[PDB]
Amino acid sequence: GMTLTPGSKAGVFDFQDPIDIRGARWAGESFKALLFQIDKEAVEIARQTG
Amino acid sequence: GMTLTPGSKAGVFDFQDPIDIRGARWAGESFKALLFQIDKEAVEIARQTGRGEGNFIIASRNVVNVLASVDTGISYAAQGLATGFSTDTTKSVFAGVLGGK
Amino acid sequence: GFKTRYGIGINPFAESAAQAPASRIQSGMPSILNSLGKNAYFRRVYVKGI
Amino acid sequence: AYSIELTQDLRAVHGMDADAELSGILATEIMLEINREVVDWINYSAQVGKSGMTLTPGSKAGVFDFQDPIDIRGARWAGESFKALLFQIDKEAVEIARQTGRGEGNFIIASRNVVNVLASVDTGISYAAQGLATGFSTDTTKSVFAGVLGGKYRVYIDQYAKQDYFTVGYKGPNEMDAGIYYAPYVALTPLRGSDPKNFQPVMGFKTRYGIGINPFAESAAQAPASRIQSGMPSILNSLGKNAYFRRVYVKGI
Amino acid sequence: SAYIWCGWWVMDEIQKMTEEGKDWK
Amino acid sequence: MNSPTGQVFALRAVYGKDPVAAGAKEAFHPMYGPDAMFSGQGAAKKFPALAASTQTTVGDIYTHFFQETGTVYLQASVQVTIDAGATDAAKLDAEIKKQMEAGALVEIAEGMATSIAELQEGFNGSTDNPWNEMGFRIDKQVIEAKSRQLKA
Amino acid sequence: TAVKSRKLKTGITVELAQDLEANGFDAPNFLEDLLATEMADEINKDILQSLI
Amino acid sequence: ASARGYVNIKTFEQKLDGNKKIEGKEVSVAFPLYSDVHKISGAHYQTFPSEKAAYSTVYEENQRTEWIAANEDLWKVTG
Amino acid sequence: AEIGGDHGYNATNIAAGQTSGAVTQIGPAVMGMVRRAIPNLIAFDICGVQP
Amino acid sequence: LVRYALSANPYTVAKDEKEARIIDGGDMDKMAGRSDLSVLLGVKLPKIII
């Protein structure tokens, strides 16, 4: 839902999509794309819980 | 109009097109190409209105991460956990400021 | 019960694409003709691919 | 030529002063035009930049567009790309110093668009960087003069610019060393009157200024013609021939 | 056009295909 | 808003002796620059507008009005033709910015020879040479207060 | 109702204004009384003929 | 040629009387000649200087009495 | 049982004060005048002056 | 210059509308002959020989 990136895997975050890691390359670029996926949800709990 | 990059999509800014993000790559490059797209418009309001450069933005919870997760000054390419902004809306809707502007 | 009365208004000069108004007495109430995507002060951009 | 029945209306309904409003828009118009003149004798009289000796040999000869890998030096993303402008704005400011023999290019004027491209990128010698336009005033309301580059150039916006560009100029320490001379004579002497048949007021301003071209500006000629030579700008002497002013269109912003 | 992010390992393969006389890349 | 139906004036600075007329260019317009010579040479002589397939004689000044960023008085540095294939205004603009970017048709502003400005509209016997003028239009808008309410 | 104008013009040659003063009148003061006298008269002609 | 400048005089026709005319005349005068002797006043004209003669009728440096007879002929009366 | 009505929302009525209801207001108040900003000079440092 | 209003009184409505909520007391063509607040009486009298 709202936390997707329109081409993503819809319920799993896998570091081998170019869409999920935001076109990241090697690791420091890649693992920092998790921290942005874990923010994008931690925010989205503020929308559902209120 | 005058804020297009000539090969752009005219009214949407989508991080997956290299002309919109200026050839940017991964994230710190990509999002910092928003902060330039968000300047180029706050400037163009100064041309149309004749009053001033764009003084505020309103925006969805998703771009406010994109604003909060990126180094907004002039530095290299940086990302991380959303830091300087209130990314959630419970405490308040107003979230931070960009570069004091 | 509660009652409020407010009314909204558009900034003359907001269009800025015209050296002249139409009719010299004009409804400031936002309407499709004058107020839809015509303000200079507000520039909206759909971001995709987050 | 405002009506005598207007002022009374406009004093009563709006409280504004009528007369002092027209004297507002006339006095402002002339000083906007006289100012739009000299900026339009700089962009008129400026040589085409990024041409001749300042070309990257495979360039487009007179435009710097961020989409040519030759013009941005193979740069990638933004920080690398905009920083390739700051080298293109150097290369001509260097090259005015060849044709003038006064100094390196001391100022630029430029569109709102490129002053973002200048204000959004670290202008020192550092890595590759981008971000919110900061060091410069990108809007033109507060004032048109926007910052300085590296303590060297002084970047004036050109708020009315048809395509896009930056014109790297020169201004010596003297009022003499210029490349074009704006010499005022009288300033906006107001004149008043009234239409004698119908009694209704008219008002108007006059000014006299005159411009001049720097002798030596053409830079290509070892000798003047006629030895007493009009300095008012024209096609022959002043068109595209100033050494002091060099102009480049920027594309792809 | 479109945009598919491919690393240099695909371009290492592609610059090894066409420089060894292969047919598609 | 104290009383309903509040209204907002707006003051356009319009020039050309008719503050209210069809196609009268607003003066201080953040979009459009002030026309470079209006006070200037443009009052002493009338410059021919620039239209599709106007063969440009070298040196003669031609007005133009861009739908974006201003009205200009262009000078032709070399003879060129404006390509009648460009008719609609948006088609003509990118036809001139095609020429003007090539340096052929370039842009100027200049003064007024005092001998023309000294006697201007009927001094020393002269006639037919009026001054250029500037007015102000002052047009208004009117808004209405819409109600709203609930119940328990 | 929107207001409407009444406007009169007279004028006197300085050759005459020099004459009235030397004749016992007061040139600039009399004239200013002339216009106001006819306008004060010319409004009656408006009002008395706006009651009719 | 004048080699300096030309003062371009253009007079506009008016009706002097019943079915008559003061003919409109376009003339260019060498600048140092015009400056020396020029009669123009009340002639319903407009003047602009230029480095080349802007009208067909051209009075260059040496006419004088040929021009002096011309400028007061700008008031000439015709039917 | 008396109606206060609204203007038609037609910009013509609202400025005259015409009202479907019992009362026709004097007019549309005033919210103040919006002038157009005076654009800025680039000054003259760019070119030698010499008054 | 002298400006003034010169309005017919309230409650005087023309006979065209007969009811209108915005009236112009001016524009005598409509108001003429319609007023409550004054009543004219002409008079016939023998002429005055000159």
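Residues numbered from 1 in each chain as written, not as in the entry; some residues may be left out. Chains lettered and ligands numbered in written order. Part of a larger assembly, values for the part shown. Heavy atoms only, no water. Residues with missing side-chain atoms left out of burial classes, pairs and counts.

As deposited, the entry is annotated with cryo-EM as its determination method and 3.3 Å as its resolution.

Undergrad: Now, about the nonpolar core: what can you tell me, with residues and values included?
TA: In globular proteins that are soluble, nonpolar side chains generally tend to be buried together. Counting 118 residues, the largest nonpolar core has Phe66, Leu85, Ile89 and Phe166 of chain D together with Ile46 of chain I as the members making the most contacts within it. The element best represented in this core is helix α2 (residues 19–45) of chain D, accounting for 11 residues. Those residues in contact with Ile46 of chain I that lie beyond four places of it in its chain are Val39, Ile42, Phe107, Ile109, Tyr156, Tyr170 and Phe245 of chain D. Within the second largest apolar cluster, 15 residues are counted, among which are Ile9, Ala30, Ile40 and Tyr45 of chain H. (Core = buried A, V, L, I, M, F, W, Y, C linked by side-chain atoms within 4.5 Å. Buried < 20%, exposed > 50% of the residue type's maximum accessible area, 1.4 Å probe, protein only. Helix = DSSP H or I, 4+ residues; strand = E, 2+ residues; numbered from the N terminus. Contact = heavy atoms within 4.5 Å.)

Undergrad: Describe in detail the packing of aromatic side chains, supporting the description with residues and values.
TA: Counted by the stated rule, this structure contains 23 aromatic pairs over all chains. Both rings, one in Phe13 of chain B and one in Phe15 of chain B, keep their centres 5.1 Å apart while their planes meet at 80°; by these two values the pair is edge-to-face. On the accessibility criterion, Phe13 of chain B (2% relative accessible area) is buried. For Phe15 of chain B, a relative accessible area of 7% puts it in the buried group. Their ring planes at 50° and their centres at 5.7 Å tell us that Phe48 of chain H and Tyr55 of chain H sit as a pair that is tilted. Judged by its relative accessible area of 26%, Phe48 of chain H is partly exposed. Note on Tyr55 of chain H: relative accessible area 14%, which makes it buried. Taken together through their ring pairs, the aromatic side chains of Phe36 of chain A together with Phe13, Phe15 and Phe31 of chain B make up a single cluster. A cation over an aromatic ring shows up here: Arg247 of chain D above the ring of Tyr165 of chain D, its NZ or CZ 4.6 Å from the ring centre. Taking NZ or CZ as reference, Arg36 of chain I lies 4.3 Å from the ring centre of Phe13 of chain C, over its face. (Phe/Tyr/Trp six-rings, centres within 6.5 Å; stacked < 30°, edge-to-face > 60°. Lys NZ or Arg CZ within 6 Å of the ring centre and 35° of its normal.)

Undergrad: Residues and numbers for the side chain of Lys25 of chain H, please.
TA: Residue and element names in this part refer to chain H. Position of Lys25 among the secondary structure elements: in the loop between β2 (21–22) and β3 (26–30). A distance of 2.3 Å separates the side chain of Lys25 from the side chain of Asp73, its partner in a polar contact. Beyond its immediate sequence surroundings of up to four residues, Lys25 is in contact with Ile9, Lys10, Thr11, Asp73, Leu74 and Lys76. (Polar contact = N/O pair within 3.5 Å; in protein donor to acceptor, adjacent residues only side chain to side chain.)

Undergrad: Please give an account of the arrangement of the chains that cites residues and values.
TA: Counting contacts across all 18 pairs of chains that touch, the top-ranked interface belongs to chains B and D. Left apart from each other, chain C and chain E have a closest C-alpha approach of 12 Å. No interface is formed between chain A and chain G, the nearest pair of C-alpha atoms being 59 Å apart.

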